[PDB]
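Data file: run-v7.cif. Format and content: mmCIF, C-alpha atoms.
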data_target
#
loop_
_atom_site.group_PDB
_atom_site.id
_atom_site.type_symbol
_atom_site.label_atom_id
_atom_site.label_comp_id
_atom_site.auth_asym_id
_atom_site.auth_seq_id
_atom_site.Cartn_x
_atom_site.Cartn_y
_atom_site.Cartn_z
ATOM 1 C CA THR A 1 67.094 93.043 113.669
ATOM 2 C CA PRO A 2 69.866 90.569 114.738
ATOM 3 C CA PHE A 3 71.647 93.765 115.936
ATOM 4 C CA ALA A 4 70.973 95.789 119.128
ATOM 5 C CA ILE A 5 72.826 96.436 122.436
ATOM 6 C CA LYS A 6 76.209 94.598 122.130
ATOM 7 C CA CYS A 7 76.098 91.513 124.428
ATOM 8 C CA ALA A 8 78.259 88.570 125.521
ATOM 9 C CA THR A 9 75.724 86.591 127.649
ATOM 10 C CA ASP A 10 72.442 86.878 129.618
ATOM 11 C CA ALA A 11 74.554 88.233 132.531
ATOM 12 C CA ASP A 12 75.943 90.907 130.169
ATOM 13 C CA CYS A 13 72.360 91.719 129.024
ATOM 14 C CA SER A 14 71.670 92.220 132.762
ATOM 15 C CA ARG A 15 74.836 94.385 133.087
ATOM 16 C CA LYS A 16 73.283 96.990 130.730
ATOM 17 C CA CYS A 17 69.583 96.460 131.544
ATOM 18 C CA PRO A 18 68.866 94.420 134.704
ATOM 19 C CA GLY A 19 66.630 91.373 135.270
ATOM 20 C CA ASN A 20 68.707 88.936 133.140
ATOM 21 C CA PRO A 21 67.000 89.550 129.749
ATOM 22 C CA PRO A 22 68.086 87.103 126.979
ATOM 23 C CA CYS A 23 70.663 87.782 124.233
ATOM 24 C CA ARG A 24 70.398 86.594 120.604
ATOM 25 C CA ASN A 25 73.147 86.828 117.930
ATOM 26 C CA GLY A 26 75.263 88.179 120.834
ATOM 27 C CA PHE A 27 72.958 91.238 121.141
ATOM 28 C CA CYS A 28 70.779 91.926 124.206
ATOM 29 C CA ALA A 29 67.014 91.656 123.573
ATOM 30 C CA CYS A 30 66.244 94.687 125.794
ATOM 31 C CA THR A 31 65.757 98.034 124.019
#

structure tokens encoding of this file:
Amino acid sequence: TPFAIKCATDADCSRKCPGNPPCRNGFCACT
């Protein structure tokens, strides 16, 4: 799914779910 937690960047991924997980299609990879 190129759709998940709405992200800007890695840092933003981190902002929701820490440890700097990656984003793809501007969505954070973390569940």

Expected residue set, 12 Å radius at (62.7, 98.8, 124.5), all atoms listed in the file, as a PyMOL selection string: chain A and resi 4-5+17+21+28-31

Output of the above residues as a compact mmCIF listing (two decimals), in the coordinates of the input, restricted to C-alpha atoms:
# COMPACT_ATOMS: atom_id res chain seq x y z
CA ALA A 4 70.97 95.79 119.13
CA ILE A 5 72.83 96.44 122.44
CA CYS A 17 69.58 96.46 131.54
CA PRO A 21 67.00 89.55 129.75
CA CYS A 28 70.78 91.93 124.21
CA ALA A 29 67.01 91.66 123.57
CA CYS A 30 66.24 94.69 125.79
CA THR A 31 65.76 98.03 124.02

If you count all atoms listed in the file, which residues fall within 6 Å of residue A:7, apart from same-chain ones fewer than 6 positions away, as a ChimeraX atom specification? /A:13,26-28

Kindly save the residues from that selection, with C-alpha atoms included, as a PDB file, keeping the file's coordinate frame.
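Result file selection.pdb:
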ATOM      1  CA  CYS A  13      72.360  91.719 129.024  1.00  0.00           C
ATOM      2  CA  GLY A  26      75.263  88.179 120.834  1.00  0.00           C
ATOM      3  CA  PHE A  27      72.958  91.238 121.141  1.00  0.00           C
ATOM      4  CA  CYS A  28      70.779  91.926 124.206  1.00  0.00           C
TER       5      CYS A  28
END

As a PyMOL selection string, please: the residues near residue A:10 (cut-off 6 Å, all atoms listed in the file, same-chain neighbours under 3 positions excluded). chain A and resi 13+20+22-23

Using C-alpha atoms, can you write the selected residues to a file as an mmCIF file, in the frame of the given file?
data_model
loop_
_atom_site.group_PDB
_atom_site.id
_atom_site.type_symbol
_atom_site.label_atom_id
_atom_site.label_comp_id
_atom_site.auth_asym_id
_atom_site.auth_seq_id
_atom_site.Cartn_x
_atom_site.Cartn_y
_atom_site.Cartn_z
ATOM 1 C CA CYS A 13 72.360 91.719 129.024
ATOM 2 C CA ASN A 20 68.707 88.936 133.140
ATOM 3 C CA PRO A 22 68.086 87.103 126.979
ATOM 4 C CA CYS A 23 70.663 87.782 124.233
#

Which centre and which edge lengths, in Å to one decimal, describe the axis-aligned box that holds all listed atoms of stretch 5-19 of chain A after 6 Å is added on each side, as lines of an AutoDock Vina configuration file?
center_x = 72.4
center_y = 91.8
center_z = 128.7
size_x = 23.6
size_y = 22.4
size_z = 25.1

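Evaluated against the shown file, the PyMOL selection byres ((chain A and resi 2) around 6) gives residues 1, 3 and 25 of chain A.
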